[PDB]
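**Q** This is the structure I want to talk about, given as structure tokens.
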Amino acid sequence: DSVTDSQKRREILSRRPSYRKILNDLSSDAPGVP
Amino acid sequence: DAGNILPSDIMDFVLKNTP
Amino acid sequence: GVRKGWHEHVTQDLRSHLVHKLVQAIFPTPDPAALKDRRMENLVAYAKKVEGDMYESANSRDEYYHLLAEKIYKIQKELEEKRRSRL
């Protein structure tokens, strides 16, 4: 499980309520204007 | 993964602060 | 068509916002004395170094955000578990 830590982790994100929330919301408007 | 977690000391201070 | 414009459409300004928010993530509001404190500089140093690893390893914009997003959640959990005692 520690070997495939990355793979096992990746699966969790797919069902992470807060991660998905912050992922969608925050990236919806990356600040960037000179 | 390239160390996505902090050493204890950084966490220790920030928690000690509570606005 | 597509050579090496990857880092051309990504500005330092964009990254600067990312690093600033990276700090905010750990310390939302530091007081005037905290800001000028060594601990704060070390905190920024973490954000600066992590920013470096991300850009180098990202290779793609989507991954760039993805790496940071997971990383912030990891800290967030750690902070929360810590707060359990420090009530």
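FYI, nothing fancy with the structure tokens labels: chains A, B, ... in order, residues from 1 per chain, ligands from 1 as they appear.
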With a distance cut-off of 12 Å and only C-alpha atoms, select the neighbouring residues of stretch 1-3 of chain B, excluding the residue or stretch itself and same-chain residues fewer than 2 positions from it, and output the selection as a ChimeraX atom specification.
**A** /A:2-7,9-10 /B:5-7 /C:46,49-54,56-58,67-68,70-72,74-75
**Q** Please determine the contact residues of chain C with respect to chain A at a cut-off of 12 Å, counting only C-alpha atoms, and supply them as number ranges by chain.
**A** C: 9-21, 25, 61-74, 76-77
**Q** As an exercise, work out the distance from atom CA of residue C:24 to atom CA of residue C:38 in Å and give it to one decimal place.
**A**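 Interatomic distance here is 16.6 Å.
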**Q** Could you go through chain B and tell me which residues DSSP, when run on the backbone, assigns to alpha helix (DSSP H), listing them as a PyMOL selection string?
**A** chain B and resi 8-16
**Q** What gap, in Å, lies between atom CA of residue C:82 and atom CA of residue C:22?
**A**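 Spanning atom CA of residue C:82 to atom CA of residue C:22 is a straight-line distance of 19.2 Å.
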**Q** Which residue is closest to residue C:26? Choose from C:41, C:79, C:59, C:1 and count only C-alpha atoms.
**A**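 Closest to residue C:26 of all the choices is C:79.
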**Q** Near chain C, which residues of chain B fall within 7 Å when you count only C-alpha atoms, and what do they look like as a PDB file with C-alpha atoms, in the first residue's frame?
**A**
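As a result, out21.pdb now contains:
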ATOM      1  CA  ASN B   4       3.893  17.409   0.887  1.00  0.00           C
ATOM      2  CA  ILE B   5       3.973  17.590   4.678  1.00  0.00           C
ATOM      3  CA  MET B  11       3.112  23.334  12.466  1.00  0.00           C
ATOM      4  CA  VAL B  14       1.089  28.145  13.530  1.00  0.00           C
ATOM      5  CA  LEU B  15      -1.270  26.177  15.769  1.00  0.00           C
TER       6      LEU B  15
END
**Q** What is the distance, in Å and to one decimal place, between atom CA of residue C:47 and atom CA of residue B:18?
**A**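 Going from atom CA of residue C:47 over to atom CA of residue B:18 covers 20.5 Å.
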